[PDB]
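Q: Sharing a structure below in structure tokens format, with a few things to ask.
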Amino acid sequence: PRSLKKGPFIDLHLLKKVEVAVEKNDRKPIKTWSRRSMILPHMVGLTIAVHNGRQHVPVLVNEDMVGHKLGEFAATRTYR
Amino acid sequence: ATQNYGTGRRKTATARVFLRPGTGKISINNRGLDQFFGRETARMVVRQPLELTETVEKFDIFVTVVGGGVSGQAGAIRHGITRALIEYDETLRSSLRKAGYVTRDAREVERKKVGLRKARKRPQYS
Amino acid sequence: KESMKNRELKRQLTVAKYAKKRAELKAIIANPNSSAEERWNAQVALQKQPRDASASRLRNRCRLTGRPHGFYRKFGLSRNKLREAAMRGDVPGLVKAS
Amino acid sequence: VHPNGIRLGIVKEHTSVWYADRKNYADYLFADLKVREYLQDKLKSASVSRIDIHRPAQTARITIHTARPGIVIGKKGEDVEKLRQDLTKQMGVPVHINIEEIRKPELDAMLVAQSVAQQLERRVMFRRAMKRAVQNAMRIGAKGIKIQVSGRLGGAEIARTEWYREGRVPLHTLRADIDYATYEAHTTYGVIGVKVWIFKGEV
Amino acid sequence: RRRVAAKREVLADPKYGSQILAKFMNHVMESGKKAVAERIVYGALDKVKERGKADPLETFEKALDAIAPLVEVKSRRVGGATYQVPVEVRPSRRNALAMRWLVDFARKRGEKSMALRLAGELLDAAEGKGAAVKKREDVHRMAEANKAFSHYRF
Amino acid sequence: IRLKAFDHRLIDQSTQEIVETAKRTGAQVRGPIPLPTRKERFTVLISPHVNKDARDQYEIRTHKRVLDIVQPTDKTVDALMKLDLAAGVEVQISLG
RNA sequence: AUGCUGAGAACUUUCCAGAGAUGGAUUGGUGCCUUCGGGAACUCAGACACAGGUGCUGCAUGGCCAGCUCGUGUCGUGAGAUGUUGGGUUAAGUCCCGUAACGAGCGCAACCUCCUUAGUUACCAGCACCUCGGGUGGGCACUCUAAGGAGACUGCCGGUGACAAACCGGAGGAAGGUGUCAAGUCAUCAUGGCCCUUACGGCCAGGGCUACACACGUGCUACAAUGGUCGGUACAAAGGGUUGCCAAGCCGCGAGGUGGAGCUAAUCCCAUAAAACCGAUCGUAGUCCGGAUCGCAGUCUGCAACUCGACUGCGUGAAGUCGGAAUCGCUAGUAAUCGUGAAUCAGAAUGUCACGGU
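Right, here's the structure in full:
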């Protein structure tokens, strides 16, 4: 599975400091309180940090991303 | 008349012989023996009682018996040759002990045992 | 433990707390009759409307003991009951045969 | 492996004979728990051997096979509604309560096992009394009683399977019946479970 | 120590009319199908003589001449060197090594016709110049140093 | 008539009160149509230590019976619906 | 889990600082028994006390091949021994006869083909008919899977042996002799010496458990030749089935989401299938069995698939060559290669798989 049976992503409560923050300039990182929470495919180039409990990682996002989770910026098991 | 009821059984069957006298004609499961079967040797294993009771000229045999596998109730044609004929007469009574093809073998797949692999096929130990 | 056996047991009246919006929003999604403008209207459904409306975090246990393993569909009880129920006679029809 | 799960049929009877449908099989299995937990800690007086729980026409059926009516029954139903209310409010269905007569009650095993936990906590002797539990209940009727005592018996490191046996009790066959009364309680130190294997006559 | 088993040979072949050959479907049955086995139980015996000039029961019977041994290879203790046991034995021993090892050289030929790569060795015993005949003459002259050990230290 | 009953011993004693008490009233009711043992094997664990070599066998039976009344007027099916149970028999009825 | 006191009983608390709970605007309600006194449940709440042991600890706190012990009696100064040795036999402390021994409990041994009445709705042994798939009466006899049942022998003759346990042989008849090993849990019911005692009574938790650098408990699968790639055969097919199982699919090379024959299943959804004929071109290969990071990307749970998932379409990127040093281990139904359908009512529970037809 995980095909494009779900085409778009219209999620209302994961949104109200994201879609409104287009007119506002990009000076602060958008902090996230999940390992799941995603955002639009038309906003491409924001910053989301991997949320688990101790420290944050470098997150670099370019224009060409379509596929899957945020689990690559910090790893699943990051080789302690 | 000669309108009787015999029964061969392999793998929990209930057979139907529509038996009558005749001249050695064989048939099985609404088919002939040259009609459902072929590409086996199990057809004329039943020949071994058949030619020794010398009934190859006297009877018409149609033992419908269904179920089992490919050559499983090829083991039922073994049984039902003389059941519906010794309910007629007593000529071949003591002359069939040499073959011995009536006992429904209870050494088939009985109850399922846990811990083992199969009925009494034992697993790997040390 | 005391603050565990009475905080996830209350999911009987909180997961189906709404129970009428939860069926009026989850059948016509399986129908392709929604229009191309109407991908969004059926997605104001159940999450920020406080998110005890899905059921991915409930588990089946025993009643008097509370063991999740050994639980079957034919009981509300578990594996440490069957040896000690039908001999005192707590289960009907459980009879040894072959 | 259990012996007491075999005789569900041609010798004794089920105590839960009730039916709902194949998907409905566990609706009245919710009410089959809380009744036995009220007779263990509270109604130790007039102790209980076997409880029949059935679903007859339109309510329920629970029969409490005690020994002493004079402590329960008083002045034409003063506690009959007190068992009818305190039980059936957590039970899903209400119960009309009948009381039967088990005159000469010394031949149930639970009517002996639930009388020794009242005797072992207050320093009454652990060796003379388990003898006399079956010295005076063996005049008329039963032919033999075994009591396997593997337990505490004063000393904390004891696995001595004691030999308080009196008579002939085979406990492997089905026509010679097996009784099994494993009550457990808390004495002043050491966990002691009272086990009773009274053998009545066969057939 | 008592022998409790009862020897029950069952020999009745449906078409072939043999004497000792009938029930042999045991290593022709490779834990598989009987309908695969139909050109190789008797259909391979209908494939031996197709280049030859006889009946296939002629050549089969005479395997009890030169691929059947004379002495036996079982090991025995006295107080020293482990002595094997040479003796004239009844046919159930020596002819047991005249039928099952004759077919056991079937993989180092690996030719066309699965039916032929089982029974393409049986006709070589007319003079007895095949594969199982080499080891039978090895037995007799690896029994010179043993043949006096039958009563004395045996 | 179709029921929903337990086993061998509570339908073979529940159909004895049906057919004779329906033949008394001048009607014709057919005889009992059999049903064999409901074969289903049950496997659980019994060992105090976790053990894969220890399973066992159990079963719950489910036996019902086919009957039918030729001239449907019987009070044996409605008035003797409350009689044909003892402790937990649930007698379904059919007007056949 | 708490005793005393509360506005408003409880609800609604959907919506907003939540990118992430709620306190609250809480969008409305006064409820509830009537000596018209009184009373009580709760979203949260300010005092006192605690509940939590989620480190330690199986050491004063686990109970569910066959032989071992008691009681009585003896001999022995006693510990202890006889019973239980022996002789003939036994799967056997199974016995027969001897024998200062005699009776016991335990393990062992045993316990878990014959049938009245039968088939409302399968279908063709009675038969008309049939699309010869049986629409259907009739299938109770030439039956459709039985609830429960005389059930299998020391039964018998004869040669051995003390005639005796047994052991050898024959019946009939297409069936005849079977109480043990100072070790995993003060933790699924239990229970200690110290502890957290503005606390593991606070929880929306600001992520840091696989550098390949090995031996291996190794234990399906082949030895390239029966030769290298499919949509086909006489062909599986019912139950749980009132918040379920999810047609012929229109979709298909192979996806049977809208469809829905079956909605309480002698019905059916995975419903399709069995290693057979002579299967093709060519007739015996570490390779035209070979794809491990570069499937990108395709209207199905549905508010939660922004550099990772079934869908195997085979353009590619290999290590499978008689198992030898030595050892898993096979004396009879056995060494042995056709699959699981169903929840507290939402369907990827793999070495011990409902039937391995050999």
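Residue numbers (full-length UniProt numbering), protein chains in the order written: chain A, 2 to 81; chain B, 3 to 128; chain C, 3 to 100; chain D, 5 to 207; chain E, 3 to 156; chain F, 8 to 103. Backbone N, C-alpha and C fix where the C-beta goes; we use that ideal spot for every residue, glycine too.
Judging by CA-CA distance, which residue of B:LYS123, B:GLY77, B:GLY34 and B:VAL47 is the nearest neighbour of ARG11 (chain B)?
A: B:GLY77
Q: Taking the CB atoms as reference points, tell me whether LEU17 (chain F) and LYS71 (chain F) lie closer together than 7 Å.
A: no
Q: With contact counted as at least three CB pairs below 8 Å, one residue from each stretch, are the segment 24-33 of chain F and the segment 145-156 of chain E in contact?
A: Segments in contact, no.
Q: List, from N- to C-terminal side, the alpha helix (DSSP H) runs of 4 residues or more that fit wholly inside the segment 21-90 of chain D.
A: 73-76
Q: Below 8 Å on C-beta distance, what does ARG62 (chain F) contact in chain B?
A: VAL116 and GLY117
Q: Excluding sequence positions up to five away, which residues of its chain have a Cβ less than 7 Å from the Cβ of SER101 (chain F)?
A: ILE8 and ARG9
Q: Would you mind working out which of D:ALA71, D:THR186 and D:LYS93 sits nearest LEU47 (chain D), comparing C-alpha positions?
A: D:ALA71
Q: Between C:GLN51, C:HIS71, C:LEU84 and C:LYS76, which has its C-alpha nearest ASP31 (chain D)'s C-alpha?
A: C:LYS76
Q: Taking any Cβ of chain B, which residues in the segment 23-48 of chain F have a Cβ under 9 Å from it, in chain order?
A: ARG48
Q: Does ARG59 (chain D) come within less than 7 Å of chain F when only Cβ atoms are used?
A: At a cut-off of 7 Å, the C-beta of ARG59 (chain D) has a neighbouring C-beta in chain F.
Q: Could you give the residue range of the beta strand (DSSP E) that holds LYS199 (chain D)?
A: 195-203
Q: On the DSSP letters alone, give me the boundaries of the beta strand (DSSP E) that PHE64 (chain B) sits inside.
A: 61-66
Q: Are there 16 or more other CB atoms within 10 angstroms of the CB of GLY82 (chain B), so buried, or fewer, so exposed?
A: buried
Q: Are the beta-carbon atoms of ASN28 (chain E) and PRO88 (chain E) separated by less than 7 Å?
A: no
Q: Tell me the DSSP secondary structure of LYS64 (chain E) in three-state form.
A: helix
Q: Name the two residues that bound the continuous beta strand (DSSP E) containing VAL50 (chain E).
A: Counting along the chain, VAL50 (chain E) falls outside any beta strand (DSSP E), though it belongs to the alpha helix (DSSP H) covering 47-50.
Q: What is the DSSP secondary structure of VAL38 (chain E), reduced to helix, strand or coil?
A: helix
Q: So if DSSP puts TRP167 (chain D) in a beta bridge, which residue, or which two residues, is it bridged to?
A: Paired residue(s): D:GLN152.
Q: List, in order along the chain, the chain C residues whose C-beta lies closer than 8 Å to that of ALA30 (chain D)?
A: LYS76, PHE77 and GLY78
Q: Looking at C-alpha atoms only, which residue of B:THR4, B:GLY40, B:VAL68 and B:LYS120 is the closest neighbour of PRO16 (chain E)?
A: B:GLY40
Q: As a quick exercise: from F:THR69, F:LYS82, F:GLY38 and F:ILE53, pick the residue whose alpha carbon is nearest that of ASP75 (chain F).
A: F:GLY38
Q: Flag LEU33 (chain D) as yes if its beta-carbon sits less than 7 Å from any beta-carbon of chain C, otherwise no.
A: Interface residue, yes.
Q: Would you give the residue range spanned by the beta strand (DSSP E) that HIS190 (chain D) belongs to?
A: 185-190
Q: Could you check if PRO58 (chain E) is buried or exposed, using at least 16 other CB atoms within 10 Å of its CB as the buried criterion?
A: buried
Q: Put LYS137 (chain E) into one of helix, strand or coil per three-state DSSP.
A: helix
Q: If you measure from the beta carbon of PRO9 (chain A) to each beta carbon in chain C, is any gap under 7 Å?
A: yes
Q: Of the residues that make up the UniProt domain "KH type-2" (39-107) of chain D, which ones have a beta carbon closer than 9 Å to any beta carbon in chain F?
A: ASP56, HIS58, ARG59, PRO60, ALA61 and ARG65
Q: Answer yes or no: does any C-beta atom of chain C fall closer than 7 Å to that of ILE182 (chain D)?
A: no
Q: Using a Cβ-Cβ distance under 7 Å, would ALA21 (chain C) count as near chain F?
A: Judged by the 7 Å Cβ criterion, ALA21 (chain C) is not in contact with chain F.
Q: Thinking C-beta only, is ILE40 (chain A) closer than 7 Å to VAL19 (chain A)?
A: yes
Q: Quick one: is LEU66 (chain C) near chain F, going by C-beta distance under 7 Å?
A: Not closer than 7 Å to any Cβ of chain F, the Cβ of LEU66 (chain C) fails to qualify, so no.
Q: Against chain D, with Cβ distances strictly below 7 Å, would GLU97 (chain F) count as a contact?
A: yes
Q: In chain order, what residues of the same chain lie with their CB nearer than 6 Å to the CB of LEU175 (chain D), ignoring the 5 residues before and after it?
A: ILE182
Q: Do three or more CB pairs link the segment 180-200 of chain D to the segment 109-117 of chain D at distances below 8 Å?
A: yes
Q: Going along chain F, which residues have a C-beta under 9 Å from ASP25 (chain D)?
A: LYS11 and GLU97
Q: Could you tell me which whole alpha helix (DSSP H) segments of length 4 or greater appear in the segment 60-106 of chain E?
A: The segment 60-106 of chain E contains, as complete alpha helix (DSSP H) runs of 4+ residues, the segments 93-96 (chain order).
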